[PDB]
Structures are given as C-alpha cells and as structure tokens.
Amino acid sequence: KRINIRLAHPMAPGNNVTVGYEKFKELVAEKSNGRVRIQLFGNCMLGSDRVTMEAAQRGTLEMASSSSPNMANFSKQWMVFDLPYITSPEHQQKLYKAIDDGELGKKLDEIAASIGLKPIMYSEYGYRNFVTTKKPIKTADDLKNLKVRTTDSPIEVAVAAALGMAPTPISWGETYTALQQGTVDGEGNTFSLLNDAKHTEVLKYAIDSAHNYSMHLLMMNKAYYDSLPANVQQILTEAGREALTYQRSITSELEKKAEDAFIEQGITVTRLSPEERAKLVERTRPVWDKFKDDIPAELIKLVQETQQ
C-alpha cells in the first residue's frame, strides 16, 4: 500500500524553504512511482516550529523542519552554526559538502540520533546583515550605541552587546511597528526576508555584515525512519539531497534579487572594507567563549575546517 508521510514546517507559500520542500515532495513521488507521498503542512498548519519538531522527535508526526536557532531548544550543540563569523559566504560550497558528505555531516547525524531524529535536508536560510532606519552605518564604529531588535537567541543578544549595540528582543510581528515608531534604530536579518516583509519601506541603510548564519533543518523521526524498507529510506535520502541542490541555488538567486530590490528602493547598501570586516570579526570573537561549554570543541573545529 501507499506510505503517507507528514511534513510540518512554519514557512509561507513561495518562501525559499517552502519551495525546497515542494521539490522534495515531487522527487519522492517520482522516485517511488507514487508509492510514497509527502503531505506538506506549511505555514504552521500543524503548530509552531517548536511544537512540530517535538512531535517529530516523539513520533506523533513523521517529519518537521526547524530553523537552526530554534533547534537549540532540543540540543544547544546546534548553536555551533550561530557563532558570529564561524562561516562566511565565500566558503559556502565547502560547507555544504562537509554537511552532506563529510565528518561534519556524520557528527550532526549523531547529535540528531541522540534526540530521536534523522536529518533529511539542511535547507539554506542564509546570512543576516545589519540595517538601520535613520543612522548611516558604513563601519563597525557606526554600530556603537544602536538600539537593535533581536530575537530571543542568546547568541544574537551577545553579538549585539559585543558590538557596542543595545539589543532589544522583540517578536517578529512587533518589529515593523518598533522600527517605525523608533523604539529600535535597526535590526539584523537576510535581505530576502527584509524585502519580502517590506521592512525595506522603513529602512535606509544596510551593511553586508554577514554576522550570523542559519539553516532550516528538515528531520524525520528516527524510529520511523528505521522502520522503513531500505529502498524507501534511500528514496527519502536521495530526494532530500537532490532537492537541496536546487533549494541552495534558488536561495542564492533570491538573495541577489533582494539585494537588487534594496538598491532599487533607494537603500544604501555598503560593502564593508577588509578593515571594517576585521573589526566585526575580532569584536564578536569573545562571544564564542560565552557559549563553548554547550558547544563541543570538536564540532566547532569541524565547521571551522570548512572555511580554509
């Protein structure tokens, strides 16, 4: 008989992550001649990122996708990815290869297995960049004393404080109002999201700080995966790997288009000098020490090895 597999995620129609999951669904049905069907539950239809991931861990749902920062709720080891300047866009190809094929990908599988999960796709999300409403930012010093919106992420807060900024955690839904009303001076996020949410309407300045990286992790319940016939496991594995090839590339293209949209809307986008980049790196490096007790040195090293 048919195998029906539920996949919950929090993302909206047309989003880079949502569309990777559509390709995954398509590829599963092709490779299986229709025997296996992924049923998509996007847009938090089955609950928040956290609720649907816990369902996947406990086995009341087959698959779910969570952002790498939210995965830190299940194991703080996932914070390795959030550490400021642990990776940079220059080296992304080597990062993907390590995650997909390498010792890094093996270590992550171990971590996922310890919390009841099997990784299927490490969907690209991308790098966050600082933006402001009124205060020109072109250098690392321009950041000092900025009131900046953050999420609840510990690393986000510490990065802001390390740079001399005053972090204010504000929910996403409240952030546009806060910028418009001036309770914060700026934020840090992807160009794609800022453009898609039209934060660009209130922003005037951007720098290519690339000070945080994230992914969206599609996981299957490990016991469920282990209960499947080898040919089905391989279909899922292959489909996720193949879907990821497109999703990674689509994400890059969308980010380029978003940056173009910033410039078309009159936003000044400053490409930081080597000197200024070096200042952001060195100012934020002390954050790693604040979090190293929950992040194994071996995992940090594996990620670092992808950047050389």
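A residue's number is simply how far along the shown sequence it sits, counting from 1.
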For this session: Pick between 10-18 and 281-289: the one whose mean CA B-factor in the entry is higher.
Result: 10-18
Seminar exercise, completed: Of 31-39 and 268-276, the stretch with the higher mean C-alpha B-factor in the deposited entry is 31-39
Problem set entry | Criterion, highest CA B-factor; candidates, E124, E187, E174, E90 | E90
For this session: Name the residue from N212, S114, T139, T132 with the greatest C-alpha temperature factor listed in the entry.
Result: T139
Problem set entry | Position of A160 among the chain's modelled residues by C-alpha B-factor, lowest, middle or highest third | middle
Exercise. Among the modelled residues of its chain, does the C-alpha B-factor of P167 lie in the lowest, middle or highest third?
Worked result: highest
For this session: Divide the modelled residues of the chain into thirds by Cα B-factor and specify which third, lowest, middle or highest, holds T245.
Result: highest
Exercise. Hey, what third does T251 fall into on Cα B-factor, ranked over its chain?
Worked result: middle
Exercise. Ranked by Cα temperature factor within the chain, is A197 in the lowest third, the middle third or the highest third?
Worked result: middle
